[PDB]
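Here we start with a single chain on its own, the form deposited in one PDB entry, put down as structure tokens.
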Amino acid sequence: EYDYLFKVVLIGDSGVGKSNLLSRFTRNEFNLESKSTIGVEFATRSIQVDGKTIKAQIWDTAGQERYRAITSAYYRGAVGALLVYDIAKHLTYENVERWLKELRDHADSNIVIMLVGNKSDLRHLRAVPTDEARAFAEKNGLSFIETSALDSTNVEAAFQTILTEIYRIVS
């Protein structure tokens, strides 16, 4: 059982690694041949914070328009969001603005939002400099981290950080 249940949505373009951030976080698995998410999918994991049990209920969503749910109204009740782009594809980062605008059209105003630059293992292919994405996060009131679902770098830290920040706001 648990003391808090935190609904957290994963949003951002198709291919950026949302489902693998989720599989890495919830069962330490990564798959190179990930199937595209259809509609909304789910996984959960419980962690400790301030000595209390926090169940993270993670809503993993489709980034491909032809795979998306008819409506974004399901964002309601979300206390956290990860807005994910691929550091090796500047377009996925350009699209963060639009993901972000939609989120704030449907989400509660206290939602905690973390901008996540995924695939940091692809250093040789980087298209989004860290400083650029960080200034965007700052200016938009987003927290910010770079992760790699592949080599696991900062995945634990991204989720632990957002869940801890949510705990501080709601407790």
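One rule holds for the numbers: they count along the sequence shown, beginning at 1. Only residues modelled in both forms are compared. Rigid core (definition): largest C-alpha set, two forms, superposition within 1.5 Å.
The following text describes the form deposited in another entry, which does not appear among the structures shown.
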- Message: So that I can tell if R68 moves, could you say whether its C-alpha shifts by at least 2 Å between this form and the one not shown after the core superposition?
- Response: yes
- Query: With a C-alpha distance change of 3 Å or more, do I11 and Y67 lie closer or farther in that other deposited form?
  - Reply: farther
- Pin down for me whether the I58-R68 Cα distance shrinks or grows in that other deposited form relative to this form (closer or farther, change of 3 Å or more). farther
- Item | Moved runs of 3+ residues, each with a C-alpha displacement of 2 angstroms or more between this form and the one not shown on the rigid core | 65-74
